[PDB]
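There is one chain below, alone, in structure tokens, taken in the form deposited in one PDB entry.
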């Protein structure tokens, strides 16, 4: 069973089925049946959204950590509303025409370092923006990563997990930083570890810390010395080593400059971050 985690923005305006006008019904391939709807009332009145109605899905609602009104970010899709009605979970999301799953692509292609620079660069901008909004992922993973019709990254701003006793947080262990596995407290720097795991997996098609079972994987995340694939460039190896520091205080991205520590790394030296943000760099793969 799926659990959706909604990180609600402060001053969130709770919703229900009656705040939405049905406009269209679409078949969106891997997304299944999607309703195009129009918000009737509130700050976002008249805004068009995608609506998903899930049978048997759990909703978890979490708080995030100047009175600003949010605007779109080029590499994020947002969950604006999530509410339960008669056994059904309604999700109101940014409309994503022709969207697809990153995992669909990753299964089909062999990424080079050049390819990964592009996807990780968009992902870094997205993740940092979520951090600024007060969202901490904990187990950022490929299921959180979509591609738009143009092949650009769309990071979901909501959590997705597969769920005898219920847990408030069900994380995919392979993507969790040591301090998260410890449950002894963590910050946004945990997500940069996960960013490193994503990078490692993109480059190698394997996970860096993987045991026979959750318990062993956890042991490995805490104590396992990572065998760095030698085919990787010095720059790739350097970035991975700096993201996989077990002490979060020493981890790249943990300093006051946060994501800039990553953006400044030699692995990303070819990236023009302003052109990237403007969506003026073409993806390695076009859907």
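Residue numbers count along the first chain shown, from 1. Here the rigid core means the biggest group of C-alpha atoms that line up within 1.5 Å when the two forms are laid on top of each other.
The same protein has a further form, the form deposited in another entry, not shown here; the description that follows concerns it.
Relative to the superposed rigid core, the position of the CA of residue 99 differs between this form and the one not shown by 2 Å or more. In the core-superposed comparison between this form and the one not shown, residue 275 has its Cα shifted by less than 2 Å. Annotation for residue 32: C-alpha shift of 2 angstroms or more between this form and the one not shown, rigid core superposed. Annotation: residue 110/residue 201 CA-CA distance longer in the other form than in the displayed model, change of at least 3 Å. With a change of no less than 3 Å, the CA-CA distance between residue 31 and residue 140 is smaller in the other form than in the form shown.
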